[PDB]
Structures are given as C-alpha cells and as structure tokens.
Amino acid sequence: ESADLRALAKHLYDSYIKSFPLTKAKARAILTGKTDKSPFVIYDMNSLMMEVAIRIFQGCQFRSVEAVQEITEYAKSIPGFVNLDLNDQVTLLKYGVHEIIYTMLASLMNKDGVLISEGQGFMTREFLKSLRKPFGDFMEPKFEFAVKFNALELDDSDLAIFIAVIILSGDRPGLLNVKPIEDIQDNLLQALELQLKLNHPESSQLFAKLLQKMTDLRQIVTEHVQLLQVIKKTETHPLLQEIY
Amino acid sequence: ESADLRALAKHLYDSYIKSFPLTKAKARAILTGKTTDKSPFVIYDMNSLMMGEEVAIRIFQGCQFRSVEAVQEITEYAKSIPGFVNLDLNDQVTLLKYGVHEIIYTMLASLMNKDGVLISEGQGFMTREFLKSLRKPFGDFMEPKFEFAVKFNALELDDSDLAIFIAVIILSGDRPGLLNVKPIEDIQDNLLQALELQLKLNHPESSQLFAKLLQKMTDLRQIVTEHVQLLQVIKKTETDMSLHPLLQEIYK
Ligand SMILES: CCCCCCOc1ccc(C(=O)N[C@H](C(=O)O)C(C)C)cc1
C-alpha cells in the first residue's frame with residue numbers, strides 16, 4: 001500500500017529534521033550555494049589558529065560523539081526499532097554509526113572542503129591533505145566518496161530513508177534475531193524506492209545506484225577503522241580516554 | 001519498453017550458458033539427491049585426497065589454475081554484454097580487473113553448500129572441514145567464501161538471474177581509474193532495468209529481492225578485500241610459491 005510507505009517517508013523525514021541540526025539543504029546553501037554569513041575558512045595553519053593535526057583529530061572525535069547521539073535518537077524513531085531485542089539495537093547502532101557518519105558527512109562536503117562547527121566554518125581539502133603523515137590520509141578517502149555520492153543529488157527526504165536502511169541491516173555480527181530487522185529493512189527499502197521514484201522521476205535506477213554506494217561506503221569504514229588503530233602508535237586526559 | 005529488456009535478459013542468459021561450462025542448474029543437480037548419474041567423489045581427508053587423483057600448496061595451485069580459467073570464461077562473457085567491446089580499451093581492462101574476482105566468488109557460491117564445494121568440473125567434492133584444516137593460513141582461505149555462499153544461496157537465484165547480475169557487476173563505473181564513466185553508467189542502467197524486471201518476473205513473491213541482491217555487492221567487495229590481504233601474507237611466508245602473472249596483474 002502506497003499509503004503506509006509515504007506515511008513512513010514523511011515520518012522519517014520529520015524525525016531526521018528534528019534529530020540532525022545541520023541539514024543537507026542548509027549545508028548546500030552555505031557551500032556551493034552562496035547564501036547570509038559565509039563560513040570562516042581554514043586553509044592553513046594561521047587560519048586554523050584563528051598542536052594542529054592532533055587537535056584537529058580530537059575535534060573530529062568530539063563531533064563524532066555528538067553525531068552518535070543524534071543518530072541514536074533518530075534510530076529510535078524508526079518504526080519497530082525500539083521493539084527489537086535490546087542487544088540487537090545496540091549491535092545495529094554500534095556497527096551502523098560509522099557508515100551513517102560518512103554518509104551524512106557528504107552533505108557537508110564539496111570537492112574543495114568540508115563544513116565544520118554547525119556550518120560556521122569551512123576546512124579546505126588541501127589543508128587536510130597537508131597534515132603530518134598519518135593525519136593527512138584521514139579525510140581524503142572520505143572526500144573521494146563524497147564527490148561520487150553527491151553526484152546522486154539526493155535531498156534530505158531521500159537521505160532520511162537511506163540512513164534508516166543502513167541502520168536496519170541484518171548482517172551485523174552478533175545479532176540475535178535477524179528476522180524482524182530484515183522485515184523492517186524490507187519495508188524501508190520499499191519506502192525508499194517509492195520516494196526516489198516520486199522525488200526523482202527522471203533519474204533512472206537511482207534506487208539501484210544508491211544501494212551500490214554502500215559497497216564503497218563499507219570499504220571506507222573498514223579502511224578508516226584500520227587507520228584509527230594506527231594512531232594508537234603515534235601519541236599514546238583522563239576521563240577523556242573514556243569518553244572516546 | 002519491457003520487451004527490449006526481456007530480449008536483453010535472454011541474450012545474456014544465452015551468452016552465460018555458452019561461456020560458463022558448469023551452471024548453477026548442473027551444480028545443484030550434482031549436489032542434491034537428484035541426478036545420481038554423476039555423483040561426485042568426495043575429498044574429506046588426505047587419503048581420500050589421493051584416491052581422487054605439500055597438501056596445502058598443491059590445492060592452492062590447483063585453485064590458481066581454476067582462477068586463470070575463470071578469468072578467460074568471464075572475459076568471453078564480458079564481450080557479449082551489449083556495448084562492452086565498444087568502450088575505450090583501457091576501460092574494458094579496468095572493468096575486468098576489478099570485476100573478475102567479485103564474479104568468481106558470486107559464481108563460486110553456485111558450487112557450494114554449507115558442507116563443501118564442487119571441484120574438477122563437478123566430478124569431485126571437497127569438504128569445507130577439510131579445507132579449514134589445511135596448514136598455516138591456507139585453512140583461512142576458503143572459509144569466508146563459504147560464509148558468503150550460504151547467505152548468498154538463500155536468495156535462491158537461478159542462472160537466468162545470475163547472468164544479468166554478473167553483467168551489472170562488470171559494468172560498474174565507480175571502478176577506480178576509469179576514463180569515461182558516462183557510457184559505462186548508461187550500459188549499467190540498462191542492465192539494472194533488465195535485472196529488476198527479471199527478478200520481478202522470476203521471483204514474484206520475493207519482496208525486494210532486487211535490493212537484497214544489490215546489497216550483496218557489499219559482501220563481495222569485502223571478500224575480495226580480505227582475500228587480497230591473505231595473499232600478501234601467503235607470498236611472504238612461502239617464498240617458493242608462485243602466483244600467475246595474470247592474477248598478479250589483476251591485483252594491486
Ligand atoms: C566464474 C567461474 C567461477 C569458478 C569458481 C572457481 O572457484 C574458485 C574459488 C576461489 C578462487 C580463488 O580464490 N582464487 C585465488 C585468486 O584468484 O585470487 C587464488 C587461489 C589464485 C578461485 C576459484
């Protein structure tokens with residue numbers, strides 16, 4: 001029934017808006033859209049100031065922890081999610097949040113850099129590439145993914161449903177009851193397909209193209225966690241370890 | 001029009017049957033009760049292994065050979081995909097380089113069940129437990145392929161579905177280093193329309209099978225990525241082990 005599918009779409013859109021402060025629509029206005037208060041631009045060490053690589057890294061960590069809580073709130077609004085086994089809800093968020101972070105990060109990126117701090121700042125791609133060894137390879141693969149992903153020209157109403165699809169995967173390790181998860185994801189996939197078909201009537205197979213982006217996305221996450229483990233041999237703040 | 005898409009699907013199934021000597025139909029026939037006109041000989045230990053005729057490397061070289069053959073069969077198939085041989089020659093190479101192992105592991109699932117895998121064009125059957133028990137790191141080689149295959153075969157796809165899916169894999173366009181992405185995209189969009197119709201027609205009760213199948217491309221990518229890491233280990237522990245130049249060229 002096309003009626004519960006669009007009820008589902010609107011529901012997810014509304015809660016996406018509620019949960020995530022900076023929407024793609026707003027970010028685009030600030031980015032390549034040329035809006036009311038341009039972002040402060042960080043393009044070098046001097047602009048940054050107004051111990052670099054580490055403090056940038058730690059700032060990204062702070063932001064990612066905030067993002068985990070926004071994503072968590074959003075997840076609990078996906079119909080059926082809270083009714084799942086509690087351990088499974090934890091497992092889904094645990095393995096899903098990285099994929100979602102980089103997906104949503106794309107909304108704040110163009111080929112030349114990324115919005116930071118509620119959209120108040122813009123950090124250039126080239127500046128990020130110029131960071132001391134380990135740290136300069138951090139964001140580059142995320143930029144490469146973002147350019148490809150942004151070529152799809154999704155809006156927030158599309159992204160809301162896609163994010164929900166990622167969360168309800170089914171193949172996360174250690175899941176206790178895979179069936180209701182895949183049943184919910186089947187429904188979200190139906191709602192996503194219909195959404196892209198209505199929202200983007202002239203973009204053939206947009207649904208298929210979007211699902212294929214998950215392949216690059218998961219590689220990116222795998223490579224990132226690999227990198228994350230290498231900085232445990234670079235610099236090796238009490239209660240702070242624990243927070244992160 | 002739906003009709004053009006059916007004709008494309010028929011052409012691809014046809015080319016598939018002509019390119020790949022052991023179909024899923026035949027493999028499932030061998031694996032199940034079924035056709036007991038050609039029951040396979042089963043390899044589950046060393047002694048049965050020599051009846052069928054180091055132990056771990058010999059099997060690995062046997063498997064390298066099957067890889068180089070599979071690259072040929074896949075290349076012959078790729079040529080049948082409408083538009084493929086018209087592409088920039090460099091992009092033909094790139095598509096094959098990145099597509100070949102994702103296809104090999106897709107098709108390998110057709111030859112597997114939870115218990116083992118068909119070998120030697122279906123004349124033999126090698127146990128999953130036997131493979132797992134191989135020395136060193138050779139025992140870790142096939143196990144994630146089995147894990148994928150038991151999940152992949154739960155989609156209950158047949159050869160007519162697989163023919164189009166395998167073409168979609170080849171014509172990716174998010175492949176690294178492609179010169180002209182647009183014509184590749186146009187071909188894949190046709191192939192995807194063809195695949196979506198095929199699944200809706202062949203599996204009308206199977207909800208969102210199309211999406212579920214596309215999601216499996218994530219599993220394939222991860223299998224390849226892990227398999228490459230395992231090979232880098234093998235070549236450094238066994239300095240006397242030889243990898244085929246074709247395969248070396250595919251890997252980076
Ligand atoms: C497309 C036809 C599929 C034939 C299936 C062959 O079964 C295989 C299963 C595994 C492998 C495999 O991992 N080969 C490796 C590779 O090519 O990197 C190594 C052994 C050469 C090769 C073949």
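What you see below is based on every heavy atom in this structure, not just the backbone, and it leaves out hydrogens, waters and symmetry mates. For ligands, and for the atoms within them, numbers begin at 1 and follow the listed sequence. Naming convention: chains lettered A, B, ... in sequence-line order (proteins, then strands); numbering from 1 in each chain.
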Taking the six-membered ring for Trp, are A:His224 and A:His98 parallel (under 30°), tilted (30 to 60°) or perpendicular (over 60°)?
tilted
Atoms of ligand 1 close to B:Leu231 [distance to a heavy atom under 4.0 angstrom, numbered from 1]:
18 (O)
I'd like to know if the side chain of A:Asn150 and the backbone of A:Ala146 have a donor-acceptor N/O pair within less than 3.5 Å.
yes
Using a heavy-atom cut-off of under 4.0 Å, does the side chain or the backbone of B:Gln64 touch ligand 1, or both, or neither?
both
Check each atom of ligand 1 against the heavy atoms of B:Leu247 and keep those under 4.0 Å away; list them by number with element.
21 (C)
Using a plain distance cutoff, I'd like to know if B:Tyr251 has any nitrogen or oxygen under 3.5 Å from a nitrogen or oxygen of ligand 1.
yes
Closer than 4.0 Å to some heavy atom of B:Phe141 - which atoms of ligand 1 meet that?
12 (C), 13 (O), 20 (C)
Ligand 1 contacted by B:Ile250 (non-hydrogen, < 4.0 Å)
no
Close approach, B:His101 and ligand 1, non-hydrogen under 4.0 angstrom:
yes
Heavy atoms only: which of B:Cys63, B:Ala109, B:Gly62, B:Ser19 is nearest to atom 20 (C) of ligand 1?
B:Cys63
Checking B:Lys24 against B:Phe20: charged group under 6.0 Å from the ring centre and within 45 degrees of the axis?
no
Return yes or no for this condition: an N or O of B:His227 is under 3.5 Å from an N or O of ligand 1.
yes
Sorted by first residue and then second, give each side chain to side chain donor-acceptor pair (under 3.5 Å) pair with at least one member in residues 46-58 of chain B; sequence neighbours left out.
B:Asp45-B:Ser48, B:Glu54-B:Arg135
What about B:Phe60 and B:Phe138, are their ring centers closer than 6.0 Å?
yes
For atom 17 (O) of ligand 1, the protein heavy atom that lies nearest, with its residue and separation:
B:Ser67 OG, 2.6 Å
Examine B:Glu73 against ligand 1 and note whether any of their N/O atoms are separated by less than 3.5 Å.
no
For A:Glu202, look at atom CD and say whether over 12 heavy atoms of other residues, nucleotides or ligands are found less than 6.0 Å away.
no
